[PDB]
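*Asks:* This one's experimental. Sequence and coordinates below.
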Amino acid sequence: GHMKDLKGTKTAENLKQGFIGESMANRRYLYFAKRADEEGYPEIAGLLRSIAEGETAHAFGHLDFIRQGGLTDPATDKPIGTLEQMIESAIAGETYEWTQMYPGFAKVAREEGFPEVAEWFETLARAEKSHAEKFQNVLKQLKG
Amino acid sequence: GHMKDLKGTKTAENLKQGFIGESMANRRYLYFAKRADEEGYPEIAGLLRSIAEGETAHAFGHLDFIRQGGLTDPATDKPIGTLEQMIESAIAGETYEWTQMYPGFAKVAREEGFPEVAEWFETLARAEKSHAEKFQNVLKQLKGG
Ligand SMILES: [Cl-]
Ligand SMILES: [Cl-]
Ligand SMILES: [Fe+3]
Ligand SMILES: [Fe+3]
Ligand SMILES: [Fe+3]
Ligand SMILES: [Fe+3]
């Protein structure tokens, strides 16, 4: 892209790890905010939500440098330069999750005697299959 | 098995990995939505944003099973049962990021000849220090009444 090539560098890997941590931080802080909401701590909840916006900005800035430096999506190792490529990355990740990840998690949960957790992973596998199908119909739109 | 004691199981690890992936998917899809927004694809942007809500539900469900199973926060390996423990997990992560992770990333980026990336990591280091201090303030309010 726009900037000096980051391929082959330690910085490339650090941007990926930064993106993973920032992604988790936003989810964690919003989950924590719900506990503060329940308990009656609206100032704590509001701080968590505002900090979570900071973690969004951080995550998106990591993706900017990744894209501009000619690197691939942290989650899928697919390019994310153009909107079509971004939809193709969404399709790849959803496909991995419904064909491999969540069915395997469900099988292991049933073997280890956690049927309720297995049912959740089976719900998710069907959900990611649905996601994949909806993104595939977008891609068809774009290429036409 | 006992779903309230998942420690040491493969299912414990799979909940953690599922959380990581779902967290990334929400961020990715909201970032992709902005590209659809500027190009004039409001239905694609809307789909991305709606699917992103799905990925929020998935991530939060994984955290529910993690906390009910006595497992720790995927990001910090700290318990997250109570609100106080959640704030302590936030402090632990922010402290790692500003004292070690982002300064180290900045040094590597400067040494590799990427000064704009280095400056970004130094901005983030100072940001996570500020976060840590704000969360410390909350803990003082919680711990001391
Ligand atoms: Cl409050
Ligand atoms: Cl559209
Ligand atoms: Fe951050
Ligand atoms: Fe999905
Ligand atoms: Fe999902
Ligand atoms: Fe932070």
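*Replies:* Nice, I can see it. Numbering: from 1, shown residues only, chains lettered A, B, ... in the order given. Ligands and ions are numbered 1, 2, ... in the order given.

*Asks:* So what touches stretch A:88-96?
*Replies:* A:73, A:75-76, A:78-80, A:128-129, A:131-132, A:135-136, A:139, B:21, B:25, B:28-29, B:32, B:48, B:51 (Cβ atoms under 8 Å, 6 or more residues apart in numbering or on different chains). Any C-beta I mention is one placed from the backbone N, CA and C, and that applies to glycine too.

*Asks:* filter the residues you listed by proximity to ligand 4?
*Replies:* A:128, A:131 (Cβ under 5 Å from the ion).

*Asks:* Weed out the non-buried ones from the contacts of stretch A:88-96.
*Replies:* A:73, A:75-76, A:79-80, A:128-129, A:131-132, A:135-136, A:139, B:21, B:25, B:28-29, B:32, B:48, B:51 (16 or more other Cβ atoms under 10 Å in any protein chain shown).

*Asks:* Okay, and which of the contacts of stretch A:88-96 map to helices?
*Replies:* A:128-129, A:131-132, A:135-136, A:139, B:21, B:25, B:28-29, B:32, B:48, B:51 (DSSP state H).

*Asks:* Distance to ligand 2 added to the residues you listed, as JSON lines?
*Replies:* Formatted as JSON lines, those follow (distance: Cβ to the ion, whole Å):
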{"residue": "A:128", "distance to ligand 2": "22"}
{"residue": "A:129", "distance to ligand 2": "23"}
{"residue": "A:131", "distance to ligand 2": "17"}
{"residue": "A:132", "distance to ligand 2": "19"}
{"residue": "A:135", "distance to ligand 2": "13"}
{"residue": "A:136", "distance to ligand 2": "15"}
{"residue": "A:139", "distance to ligand 2": "12"}
{"residue": "B:21", "distance to ligand 2": "26"}
{"residue": "B:25", "distance to ligand 2": "20"}
{"residue": "B:28", "distance to ligand 2": "18"}
{"residue": "B:29", "distance to ligand 2": "15"}
{"residue": "B:32", "distance to ligand 2": "13"}
{"residue": "B:48", "distance to ligand 2": "10"}
{"residue": "B:51", "distance to ligand 2": "14"}
